[PDB]
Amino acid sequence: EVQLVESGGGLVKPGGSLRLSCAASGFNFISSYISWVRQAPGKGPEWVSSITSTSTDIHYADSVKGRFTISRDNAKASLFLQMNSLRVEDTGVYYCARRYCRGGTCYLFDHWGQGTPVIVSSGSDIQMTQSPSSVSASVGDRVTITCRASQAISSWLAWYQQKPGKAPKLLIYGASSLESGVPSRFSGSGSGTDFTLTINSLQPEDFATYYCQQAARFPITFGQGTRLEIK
């Protein structure tokens, strides 16, 4: 019963501060690699920060460097993100997601929390592109989503499913390998810079937004997603 719960979300003004916390249960927190991942409005996920279990190695994103501080408490299985000097661009849902190694890399996320919203208002890297931006399609049809990387990444590309209201869920890793339980209609393909996801027969449950993610090199990066809507 792996469980990650976020707390601390709220509303603050530009320049203000806030402190997030993630509670973990159902797994060995001492041996887990947990990152903070935020999703702003109209954008795909964006890796923010991570911390090793020993707290010896810490890494932040460029946009939040010097303004955010991450920390952990193994005993209480909690992860903290202290946000200072907040800005409007820091608005979005802030997730804590566990990291797991699948295939060759560990640039992949196993379990996500529900996400605590953060509103900030008062009134070099691998760029992942995706196409189309949204499809609406009947049950039993065939849809193909494309994802293009700005740099060569071999097959280190994953696809995540995010149904409305819930966190993303990894469906494909290694560009073409299906995770445990994913139905057969889901197909992955590609290598180098151009990749593709295909659903041969659309069932009603496939209604969601699909994000591609390069698992090749730091920093982790996602695409802007493709909304799939069943009519």
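The numbering used is simple: start at 1 and walk along the sequence shown.
Going from residue 123 to residue 124, the model skips 10 or more deposited residues, which lack coordinates. The mean Cα B-factor in the deposited entry runs higher for 53-61 than for the other of 32-40 and 53-61. Comparing 20-28 with 218-226, the stretch with the higher mean C-alpha B-factor in the PDB entry is 20-28. For the set 145, 149, 139, 157, the maximum C-alpha B-factor listed in the entry falls on 139. When all modelled residues of the chain are sorted by CA temperature factor, residue 133 is found within the middle third. Sort the modelled residues of the chain by CA B factor and residue 71 lands in the middle third. Per the deposited record, the Cα B-factor of residue 96 falls in the highest third when ranked against the other modelled residues of its chain.
Per the deposited record, the Cα B-factor of residue 193 falls in the middle third when ranked against the other modelled residues of its chain. Residue 162: CA B factor lies in the middle third for its chain, per the PDB record.
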